[PDB]
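Here we start with a single chain on its own, the form deposited without ligand ATP, put down as structure tokens.
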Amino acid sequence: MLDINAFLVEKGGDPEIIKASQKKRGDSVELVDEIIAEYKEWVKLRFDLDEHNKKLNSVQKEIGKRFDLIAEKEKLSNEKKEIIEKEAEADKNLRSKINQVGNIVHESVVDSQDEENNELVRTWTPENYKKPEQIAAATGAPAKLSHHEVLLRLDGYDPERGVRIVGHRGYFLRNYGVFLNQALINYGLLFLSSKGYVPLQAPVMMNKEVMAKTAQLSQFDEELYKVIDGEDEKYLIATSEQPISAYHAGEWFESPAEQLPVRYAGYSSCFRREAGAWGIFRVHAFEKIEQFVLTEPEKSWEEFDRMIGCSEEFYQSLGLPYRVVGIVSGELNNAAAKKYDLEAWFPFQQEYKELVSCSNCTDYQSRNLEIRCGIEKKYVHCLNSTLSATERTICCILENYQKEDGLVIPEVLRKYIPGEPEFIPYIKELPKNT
């Protein structure tokens, strides 16, 4: 969340800047004024408390000199009890309100509630692909089949037995489906580590209290599965960004010039209660390689560019056309000050679909997790960016690498697959011949 002092002009803050940000987000502006007011009640309480302490010590010294005053003592004391309780209430209410206020929207971000206004940052195409159309980019073939249809014809997954065993959108991966998923995971880890990222495989369960410090309210009552562990409860993570963001909680980069940046290639499975048609594009459980980076506050915008640059390079290496768009303010989650999505071309769908989101969260989370930077307190900046949601990335590959008789295996992935096939044939026909 934001620093309390950010709301307070007497402590160098600028609440107008917060109101402007709130408005760009399409969130509550009045929340700022409530916060300022609640803070004043807390301050009033603290003074009354401060005054009671001084009065109590003073009156006890008078009682001492007597070797009626005592009646006043019990009175100040009973009032102090109330004040202490009220102060705690005010502090609690203040913090819960502050918790509702989103990170300051960066000035570069487009101010709008309508994604039609997303900024078009850049467009990339493989050199033999003239422009985005209904043509598989890597093969030049008609993009005849959707990703789920290519995957069905390859016998690369099982949604039907999947649905029977775990319900809606459940799936097994089969054969080359398995090999392609692993290929992306391992190619992804190799790609980031060669760029100095530290591979980090995160646990997929998290204690409630840690999760609450890194993920926003909406995330719980909607996105996360709860786990019952006898009498205890944990959450399944939606992304390794959650546990990895907390990896350095309560730590201090006291020599940041030398110690930062820290870059993690996070890997884990991911679980989302909200998913949605057919296929492995939007499902409840999937794997992801995630970039998570801590930097000095002064260096995060530059890092942001480097990180989206890593993802771009990655997709280029897979030969997948894409565009990068700057998400409008009304669509940023609370922590993000700025967000770029890389959206790759799906030639059957004939549309760009999101494969990567990259966000600079400045010190919004690090403030909560108490991750300090250097010598009020100064915190690191935290950034996160998808490298690959692997099943979804497989979907993009399926559409762009299809041809009449099967699937060309992206060259960079071949070494990761037994036999290093350059091509794998369709095994099955669809109930819809043409």
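We number the residues from 1 along the sequence you see.
Beyond what is shown, the protein has a form deposited with ligand ATP bound; the following relates to that form.
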Please tell me which of 263, 272, 80, 97 lies within 4.5 Å of ligand ATP in the deposited complex, judged by heavy atoms. 272
Tell me, out of 352, 348, 286, 253, which residue has a non-hydrogen atom within 4.5 angstroms of ligand ATP in the deposited complex. 286
Residue stretch of 297-305, 354-362, 147-155, 160-168 approaching ligand ATP in the deposited complex, non-hydrogen atom distance within 4.5 Å: 354-362
Hey, in the deposited complex, does residue 366 get a heavy atom within 4.5 angstroms of ligand ATP? no
With the partner left out here, check for me: in the deposited complex, does some heavy atom of residue 281 sit within 4.5 Å of ligand ATP? yes
Does the 4.5 Å heavy atom contact test between residue 381 and ligand ATP in the deposited complex come out positive? no
Answer with yes or no whether residue 389 is in contact with ligand ATP in the deposited complex, where contact means some heavy atom within 4.5 Å. yes
